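Shown here: work.pdb, PDB, C-alpha atoms.
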```pdb
ATOM      1  CA  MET I   1     -13.459  -5.178  -9.273  1.00  0.00           C
ATOM      2  CA  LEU I   2     -12.564  -8.384  -7.462  1.00  0.00           C
ATOM      3  CA  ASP I   3     -12.959 -11.478  -9.623  1.00  0.00           C
ATOM      4  CA  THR I   4     -14.388 -14.628  -7.994  1.00  0.00           C
ATOM      5  CA  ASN I   5     -10.843 -15.932  -7.635  1.00  0.00           C
ATOM      6  CA  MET I   6      -9.493 -12.845  -5.856  1.00  0.00           C
ATOM      7  CA  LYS I   7     -12.515 -12.713  -3.570  1.00  0.00           C
ATOM      8  CA  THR I   8     -12.308 -16.346  -2.524  1.00  0.00           C
ATOM      9  CA  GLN I   9      -8.562 -16.051  -2.120  1.00  0.00           C
ATOM     10  CA  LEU I  10      -8.850 -12.804  -0.192  1.00  0.00           C
ATOM     11  CA  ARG I  11     -11.458 -14.396   2.057  1.00  0.00           C
ATOM     12  CA  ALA I  12      -8.952 -17.156   2.843  1.00  0.00           C
ATOM     13  CA  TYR I  13      -6.017 -14.851   3.632  1.00  0.00           C
ATOM     14  CA  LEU I  14      -8.099 -12.589   5.880  1.00  0.00           C
ATOM     15  CA  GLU I  15      -8.735 -15.528   8.198  1.00  0.00           C
ATOM     16  CA  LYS I  16      -5.171 -14.721   9.299  1.00  0.00           C
ATOM     17  CA  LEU I  17      -6.290 -11.390  10.718  1.00  0.00           C
ATOM     18  CA  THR I  18      -6.026 -11.212  14.514  1.00  0.00           C
ATOM     19  CA  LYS I  19      -6.494  -7.466  15.081  1.00  0.00           C
ATOM     20  CA  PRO I  20      -9.196  -5.212  13.614  1.00  0.00           C
ATOM     21  CA  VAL I  21      -8.206  -3.371  10.398  1.00  0.00           C
ATOM     22  CA  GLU I  22      -9.672  -0.161   8.948  1.00  0.00           C
ATOM     23  CA  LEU I  23      -9.804   0.967   5.323  1.00  0.00           C
ATOM     24  CA  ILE I  24     -10.163   4.771   5.333  1.00  0.00           C
ATOM     25  CA  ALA I  25     -10.793   6.162   1.876  1.00  0.00           C
ATOM     26  CA  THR I  26     -10.636   9.681   0.437  1.00  0.00           C
ATOM     27  CA  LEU I  27     -12.853   9.880  -2.648  1.00  0.00           C
ATOM     28  CA  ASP I  28     -14.228  12.346  -5.153  1.00  0.00           C
ATOM     29  CA  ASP I  29     -17.239  11.947  -7.420  1.00  0.00           C
ATOM     30  CA  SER I  30     -15.338  10.438 -10.330  1.00  0.00           C
ATOM     31  CA  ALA I  31     -16.058   7.003 -11.764  1.00  0.00           C
ATOM     32  CA  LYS I  32     -12.613   5.872 -10.648  1.00  0.00           C
ATOM     33  CA  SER I  33     -13.573   6.685  -7.047  1.00  0.00           C
ATOM     34  CA  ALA I  34     -16.710   4.655  -7.636  1.00  0.00           C
ATOM     35  CA  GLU I  35     -14.622   1.563  -8.432  1.00  0.00           C
ATOM     36  CA  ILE I  36     -12.587   2.028  -5.275  1.00  0.00           C
ATOM     37  CA  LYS I  37     -15.704   2.470  -3.151  1.00  0.00           C
ATOM     38  CA  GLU I  38     -17.118  -0.763  -4.630  1.00  0.00           C
ATOM     39  CA  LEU I  39     -13.866  -2.678  -4.045  1.00  0.00           C
ATOM     40  CA  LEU I  40     -13.276  -1.526  -0.460  1.00  0.00           C
ATOM     41  CA  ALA I  41     -16.912  -2.503   0.056  1.00  0.00           C
ATOM     42  CA  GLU I  42     -16.405  -6.069  -1.192  1.00  0.00           C
ATOM     43  CA  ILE I  43     -13.217  -6.430   0.858  1.00  0.00           C
ATOM     44  CA  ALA I  44     -14.951  -5.319   4.067  1.00  0.00           C
ATOM     45  CA  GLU I  45     -17.665  -7.934   3.825  1.00  0.00           C
ATOM     46  CA  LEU I  46     -15.158 -10.749   3.447  1.00  0.00           C
ATOM     47  CA  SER I  47     -14.207 -10.239   7.100  1.00  0.00           C
ATOM     48  CA  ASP I  48     -15.503  -8.857  10.392  1.00  0.00           C
ATOM     49  CA  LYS I  49     -12.000  -7.640  11.236  1.00  0.00           C
ATOM     50  CA  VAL I  50     -12.211  -5.178   8.346  1.00  0.00           C
ATOM     51  CA  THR I  51     -14.138  -1.908   8.312  1.00  0.00           C
ATOM     52  CA  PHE I  52     -14.540   0.555   5.418  1.00  0.00           C
ATOM     53  CA  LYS I  53     -15.062   4.200   6.387  1.00  0.00           C
ATOM     54  CA  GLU I  54     -14.260   7.240   4.326  1.00  0.00           C
ATOM     55  CA  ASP I  55     -12.883  10.663   5.134  1.00  0.00           C
ATOM     56  CA  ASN I  56     -12.917  12.534   1.810  1.00  0.00           C
ATOM     57  CA  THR I  57     -11.720  15.565   3.727  1.00  0.00           C
ATOM     58  CA  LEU I  58      -7.996  14.680   3.752  1.00  0.00           C
ATOM     59  CA  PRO I  59      -5.462  16.563   1.593  1.00  0.00           C
ATOM     60  CA  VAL I  60      -4.463  13.382  -0.238  1.00  0.00           C
ATOM     61  CA  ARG I  61      -4.859  11.959  -3.742  1.00  0.00           C
ATOM     62  CA  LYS I  62      -8.411  11.072  -4.757  1.00  0.00           C
ATOM     63  CA  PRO I  63      -9.275   8.331  -4.867  1.00  0.00           C
ATOM     64  CA  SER I  64      -6.985   6.672  -2.335  1.00  0.00           C
ATOM     65  CA  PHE I  65      -7.312   4.788   0.922  1.00  0.00           C
ATOM     66  CA  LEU I  66      -5.344   4.114   4.061  1.00  0.00           C
ATOM     67  CA  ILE I  67      -4.847   0.675   5.558  1.00  0.00           C
ATOM     68  CA  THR I  68      -4.630   1.052   9.317  1.00  0.00           C
ATOM     69  CA  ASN I  69      -5.980   0.046  12.701  1.00  0.00           C
ATOM     70  CA  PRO I  70      -8.884   1.681  14.510  1.00  0.00           C
ATOM     71  CA  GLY I  71      -7.723   4.733  16.454  1.00  0.00           C
ATOM     72  CA  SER I  72      -4.612   4.939  14.308  1.00  0.00           C
ATOM     73  CA  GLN I  73      -3.459   7.062  11.373  1.00  0.00           C
ATOM     74  CA  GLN I  74      -0.426   4.923  10.530  1.00  0.00           C
ATOM     75  CA  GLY I  75      -0.197   2.547   7.583  1.00  0.00           C
ATOM     76  CA  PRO I  76       0.466   2.280   3.842  1.00  0.00           C
ATOM     77  CA  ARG I  77      -1.774   4.087   1.372  1.00  0.00           C
ATOM     78  CA  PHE I  78      -2.861   3.011  -2.091  1.00  0.00           C
ATOM     79  CA  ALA I  79      -3.807   5.731  -4.538  1.00  0.00           C
ATOM     80  CA  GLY I  80      -5.815   4.388  -7.467  1.00  0.00           C
ATOM     81  CA  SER I  81      -6.542   0.721  -8.158  1.00  0.00           C
ATOM     82  CA  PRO I  82      -4.738  -1.784  -5.900  1.00  0.00           C
ATOM     83  CA  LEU I  83      -5.609  -4.675  -8.206  1.00  0.00           C
ATOM     84  CA  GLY I  84      -3.748  -6.251 -11.090  1.00  0.00           C
ATOM     85  CA  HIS I  85      -0.359  -7.516  -9.919  1.00  0.00           C
ATOM     86  CA  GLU I  86      -0.632  -5.363  -6.805  1.00  0.00           C
ATOM     87  CA  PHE I  87      -3.426  -7.513  -5.430  1.00  0.00           C
ATOM     88  CA  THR I  88      -0.838  -9.590  -3.547  1.00  0.00           C
ATOM     89  CA  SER I  89       0.468  -6.337  -2.113  1.00  0.00           C
ATOM     90  CA  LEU I  90      -3.016  -5.331  -1.019  1.00  0.00           C
ATOM     91  CA  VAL I  91      -3.495  -8.717   0.636  1.00  0.00           C
ATOM     92  CA  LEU I  92      -0.153  -8.497   2.455  1.00  0.00           C
ATOM     93  CA  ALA I  93      -0.699  -4.949   3.708  1.00  0.00           C
ATOM     94  CA  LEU I  94      -4.071  -6.013   5.135  1.00  0.00           C
ATOM     95  CA  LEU I  95      -2.517  -9.084   6.748  1.00  0.00           C
ATOM     96  CA  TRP I  96       0.402  -7.191   8.292  1.00  0.00           C
ATOM     97  CA  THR I  97      -1.823  -4.428   9.564  1.00  0.00           C
ATOM     98  CA  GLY I  98      -4.135  -7.128  10.874  1.00  0.00           C
ATOM     99  CA  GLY I  99      -1.515  -8.706  13.093  1.00  0.00           C
ATOM    100  CA  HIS I 100      -0.181 -11.347  10.701  1.00  0.00           C
ATOM    101  CA  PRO I 101       3.651 -11.553  10.908  1.00  0.00           C
ATOM    102  CA  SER I 102       5.942 -10.745   8.007  1.00  0.00           C
ATOM    103  CA  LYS I 103       8.038 -13.642   6.716  1.00  0.00           C
ATOM    104  CA  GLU I 104      11.138 -11.422   6.959  1.00  0.00           C
ATOM    105  CA  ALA I 105      13.908 -12.122   9.484  1.00  0.00           C
ATOM    106  CA  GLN I 106      13.447 -10.658  12.956  1.00  0.00           C
ATOM    107  CA  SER I 107      16.772  -8.834  12.988  1.00  0.00           C
ATOM    108  CA  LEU I 108      15.709  -7.072   9.793  1.00  0.00           C
ATOM    109  CA  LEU I 109      12.324  -5.999  11.107  1.00  0.00           C
ATOM    110  CA  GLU I 110      14.145  -4.526  14.091  1.00  0.00           C
ATOM    111  CA  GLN I 111      16.635  -2.600  11.982  1.00  0.00           C
ATOM    112  CA  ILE I 112      13.600  -1.172  10.183  1.00  0.00           C
ATOM    113  CA  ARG I 113      11.974  -0.240  13.504  1.00  0.00           C
ATOM    114  CA  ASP I 114      15.167   1.508  14.608  1.00  0.00           C
ATOM    115  CA  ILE I 115      15.476   3.729  11.555  1.00  0.00           C
ATOM    116  CA  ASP I 116      15.851   7.391  12.523  1.00  0.00           C
ATOM    117  CA  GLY I 117      14.710  10.194  10.281  1.00  0.00           C
ATOM    118  CA  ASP I 118      11.400  10.800   8.550  1.00  0.00           C
ATOM    119  CA  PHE I 119      10.834   9.357   5.098  1.00  0.00           C
ATOM    120  CA  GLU I 120       7.825   9.952   2.891  1.00  0.00           C
ATOM    121  CA  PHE I 121       7.926   7.324   0.152  1.00  0.00           C
ATOM    122  CA  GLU I 122       5.871   7.407  -3.039  1.00  0.00           C
ATOM    123  CA  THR I 123       5.939   4.503  -5.484  1.00  0.00           C
ATOM    124  CA  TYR I 124       4.479   4.599  -8.958  1.00  0.00           C
ATOM    125  CA  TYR I 125       3.335   1.307 -10.417  1.00  0.00           C
ATOM    126  CA  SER I 126       1.191   0.058 -13.268  1.00  0.00           C
ATOM    127  CA  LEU I 127      -1.376  -2.708 -12.803  1.00  0.00           C
ATOM    128  CA  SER I 128       0.546  -4.874 -15.268  1.00  0.00           C
ATOM    129  CA  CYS I 129       4.045  -4.419 -13.870  1.00  0.00           C
ATOM    130  CA  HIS I 130       5.582  -7.632 -12.567  1.00  0.00           C
ATOM    131  CA  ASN I 131       8.584  -6.110 -10.727  1.00  0.00           C
ATOM    132  CA  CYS I 132       6.551  -3.532  -8.774  1.00  0.00           C
ATOM    133  CA  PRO I 133       4.988  -5.779  -6.072  1.00  0.00           C
ATOM    134  CA  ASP I 134       8.241  -6.548  -4.259  1.00  0.00           C
ATOM    135  CA  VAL I 135       9.093  -2.853  -4.142  1.00  0.00           C
ATOM    136  CA  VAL I 136       5.602  -1.826  -3.102  1.00  0.00           C
ATOM    137  CA  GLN I 137       5.500  -4.639  -0.529  1.00  0.00           C
ATOM    138  CA  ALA I 138       8.892  -3.733   0.985  1.00  0.00           C
ATOM    139  CA  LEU I 139       7.858  -0.106   1.460  1.00  0.00           C
ATOM    140  CA  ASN I 140       4.434  -1.091   2.797  1.00  0.00           C
ATOM    141  CA  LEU I 141       6.039  -3.343   5.396  1.00  0.00           C
ATOM    142  CA  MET I 142       8.356  -0.513   6.440  1.00  0.00           C
ATOM    143  CA  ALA I 143       5.323   1.761   6.887  1.00  0.00           C
ATOM    144  CA  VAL I 144       3.557  -0.819   9.029  1.00  0.00           C
ATOM    145  CA  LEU I 145       6.740  -1.240  11.083  1.00  0.00           C
ATOM    146  CA  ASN I 146       7.872   2.336  11.636  1.00  0.00           C
ATOM    147  CA  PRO I 147       5.508   5.318  12.012  1.00  0.00           C
ATOM    148  CA  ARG I 148       8.375   7.547  10.820  1.00  0.00           C
ATOM    149  CA  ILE I 149       8.136   5.854   7.414  1.00  0.00           C
ATOM    150  CA  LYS I 150       5.126   6.673   5.206  1.00  0.00           C
ATOM    151  CA  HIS I 151       4.302   5.130   1.857  1.00  0.00           C
ATOM    152  CA  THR I 152       1.763   5.843  -0.827  1.00  0.00           C
ATOM    153  CA  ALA I 153       1.631   3.321  -3.656  1.00  0.00           C
ATOM    154  CA  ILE I 154       0.316   5.123  -6.727  1.00  0.00           C
ATOM    155  CA  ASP I 155      -1.445   3.454  -9.650  1.00  0.00           C
ATOM    156  CA  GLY I 156      -0.138   5.271 -12.708  1.00  0.00           C
ATOM    157  CA  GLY I 157      -3.371   4.513 -14.547  1.00  0.00           C
ATOM    158  CA  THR I 158      -5.330   6.684 -12.128  1.00  0.00           C
ATOM    159  CA  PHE I 159      -2.806   9.527 -11.829  1.00  0.00           C
ATOM    160  CA  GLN I 160      -1.384   9.824 -15.329  1.00  0.00           C
ATOM    161  CA  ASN I 161      -0.804  13.547 -14.976  1.00  0.00           C
ATOM    162  CA  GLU I 162       1.795  12.738 -12.287  1.00  0.00           C
ATOM    163  CA  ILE I 163       3.580  10.227 -14.518  1.00  0.00           C
ATOM    164  CA  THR I 164       4.505  12.805 -17.136  1.00  0.00           C
ATOM    165  CA  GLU I 165       4.765  15.575 -14.576  1.00  0.00           C
ATOM    166  CA  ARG I 166       7.545  13.695 -12.765  1.00  0.00           C
ATOM    167  CA  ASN I 167       8.885  12.303 -16.032  1.00  0.00           C
ATOM    168  CA  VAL I 168       8.463   8.686 -14.933  1.00  0.00           C
ATOM    169  CA  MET I 169       9.827   6.612 -17.838  1.00  0.00           C
ATOM    170  CA  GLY I 170       9.288   3.290 -16.111  1.00  0.00           C
ATOM    171  CA  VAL I 171       8.048   1.464 -13.023  1.00  0.00           C
ATOM    172  CA  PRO I 172       8.367   0.925 -10.230  1.00  0.00           C
ATOM    173  CA  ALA I 173       9.519   4.497  -9.725  1.00  0.00           C
ATOM    174  CA  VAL I 174      10.208   5.355  -6.066  1.00  0.00           C
ATOM    175  CA  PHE I 175      10.520   8.816  -4.513  1.00  0.00           C
ATOM    176  CA  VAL I 176      11.424   9.846  -0.970  1.00  0.00           C
ATOM    177  CA  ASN I 177      10.561  13.211   0.570  1.00  0.00           C
ATOM    178  CA  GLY I 178       9.720  14.456  -2.916  1.00  0.00           C
ATOM    179  CA  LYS I 179      12.985  13.492  -4.594  1.00  0.00           C
ATOM    180  CA  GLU I 180      13.853  10.509  -6.820  1.00  0.00           C
ATOM    181  CA  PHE I 181      15.016   7.536  -4.780  1.00  0.00           C
ATOM    182  CA  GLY I 182      15.360   4.726  -7.315  1.00  0.00           C
ATOM    183  CA  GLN I 183      13.695   2.872 -10.186  1.00  0.00           C
ATOM    184  CA  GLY I 184      13.303  -0.789 -11.091  1.00  0.00           C
ATOM    185  CA  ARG I 185      13.965  -3.796  -8.878  1.00  0.00           C
ATOM    186  CA  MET I 186      15.137  -3.412  -5.310  1.00  0.00           C
ATOM    187  CA  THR I 187      14.950  -5.569  -2.195  1.00  0.00           C
ATOM    188  CA  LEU I 188      13.763  -4.615   1.270  1.00  0.00           C
ATOM    189  CA  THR I 189      17.380  -4.947   2.348  1.00  0.00           C
ATOM    190  CA  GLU I 190      18.738  -2.781  -0.466  1.00  0.00           C
ATOM    191  CA  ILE I 191      16.071  -0.196   0.363  1.00  0.00           C
ATOM    192  CA  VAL I 192      16.693  -0.242   4.111  1.00  0.00           C
ATOM    193  CA  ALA I 193      20.407   0.183   3.436  1.00  0.00           C
ATOM    194  CA  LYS I 194      19.834   3.436   1.500  1.00  0.00           C
ATOM    195  CA  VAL I 195      17.968   5.015   4.404  1.00  0.00           C
ATOM    196  CA  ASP I 196      20.533   3.922   7.068  1.00  0.00           C
TER     197      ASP I 196
END
```

Please express what this file holds, its structure, as structure tokens.
Amino acid sequence: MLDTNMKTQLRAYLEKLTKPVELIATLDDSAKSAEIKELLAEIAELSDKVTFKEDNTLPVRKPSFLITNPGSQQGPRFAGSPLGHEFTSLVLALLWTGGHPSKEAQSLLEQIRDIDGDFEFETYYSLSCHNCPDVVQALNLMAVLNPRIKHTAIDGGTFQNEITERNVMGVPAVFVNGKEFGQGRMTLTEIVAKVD
């Protein structure tokens, strides 16, 4: 759950929201999904621009949630716990989806918006990985920027079966359209270059 520090900090960042943001979760009856429900609950009451609904009907990982805008189905998805060192990533995805501008250069955002082709990214991370945030954040931004680019950040501690199943030896481990894309550090620019 959110610790007093995260909550207070989150409350402060959210003041940057200008558009309404929705957190749509897909849960099961497991304890893990209980945590998520509690967390998305706390987050929603830190701001009136944030709503927490749930559609446990979607053919997606459980638990998981989508960060989007009302009336929209676009945005990055977090499967498992978005805390630990990914908390900054959670904050940023909320901010970006809520209208707050990325610090990236305008010409770069544009190149990202003009990317042709459909890419379904999946990134495995651990709550304690220090090099994962930048990768997760780069792919989240791309998903907020281009509806053709999807991204699901997966907490390895909630989907362990997938870690061995895909033989993930380290994190962050990124996949695109089901196939390995790259592991370890990467920049938004290095990533954008691989997908044209």

Item to check | Residue neighbourhood stretch 152-167 of chain I, 8 Å, all atoms listed in the file, exclusion window fewer than 6 positions, as a count of residues only | outcome: 16

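Minimum atom-to-atom distance to residue I:50, evaluated using all atoms listed in the file, belongs to I:97 out of I:118, I:186, I:131, I:97.
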
Checklist entry - Hey, what's within 10 Å of residue I:36 if we count only C-alpha atoms and toss same-chain stuff fewer than 2 positions away? As a count of residues only, please? => result 21

Checklist entry - Could you name the residues that touch residue I:189 at 10 Å or less, counting only C-alpha atoms, but leaving out those on the same chain fewer than 4 positions away, as a PyMOL selection string? => result chain I and resi 108+111-112+138+193-194

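Note that the spacing between atom CA of residue I:103 and atom CA of residue I:45 amounts to 26.5 Å.
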